[PDB]
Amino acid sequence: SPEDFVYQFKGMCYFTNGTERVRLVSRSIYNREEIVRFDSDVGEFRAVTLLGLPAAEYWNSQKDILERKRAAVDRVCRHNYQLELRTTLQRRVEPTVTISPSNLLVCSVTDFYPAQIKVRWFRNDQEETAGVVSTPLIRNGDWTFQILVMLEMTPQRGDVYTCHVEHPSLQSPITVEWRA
């Protein structure tokens, strides 16, 4: 097999409570091993392994380099966030809900954004919890998610099963019924 050498540099922003707490961590990676890092919490570069030692020592010795990395959390993170607030964080795509048999009843909740979602089963107006198991939240890669929420049942006469779904995109919760 062929040989390969990989270098990664990641400028990551971390946001919490809107824009109250913002943290920048620039990361340098040599083949899956982070070697140098700038973390706005710290305020200067820090080697993270020996390989990253000369790099951090040199970069830290430059008053103008640190000057600019300390400003980065404002120049890059807070700036982009404003654009995110007007677009990406506004994306609301509504779930489409479907019931189907696999003794199992699967409630498919597909194509939504963002990720927050609550799916509850009912049997005849009573909530079912003990007999429910979800798949993990599945990321489609296309800026939507999906999730499958299964329910164990044995169908009796006059039984109505209800999938109940809550999502930021919906003013009112979606309900889909299914009959024996």
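What we label the rigid core is the largest C-alpha set whose atoms superpose within 1.5 Å from one form to the other. Numbers for residues come from their place in the sequence shown, where the first is 1.
Which is farther from the shown form in 6 other deposited structures of this protein in C-alpha RMS with the core fitted, 109-117 or 129-137? Farther on average in 6 other deposited structures of this protein: 129-137.
Superpose by the rigid core and compare 18-26 with 154-162; which one moves more, by C-alpha RMS, in 6 other deposited structures of this protein? When 18-26 and 154-162 are compared in 6 other deposited structures of this protein, 154-162 lies farther out.
How much of the deposited sequence is absent from the coordinates between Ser102 and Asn103: none, 1 to 3, 4 to 9, or 10 or more residues? Missing residues, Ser102 to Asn103: 4 to 9.
Please compare 128-136 with 22-30 and say which has the higher mean C-alpha temperature factor in the record. Result: 128-136.
Decide which of the stretches 143-151 and 116-124 has the higher mean C-alpha B-factor, going by the entry. Higher mean C-alpha B-factor: 116-124.
Would you please rank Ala71 by its C-alpha temperature factor against the other modelled residues of its chain and give the third it falls in: lowest, middle or highest? Ranked within chain, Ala71 CA B lands in the middle tercile.
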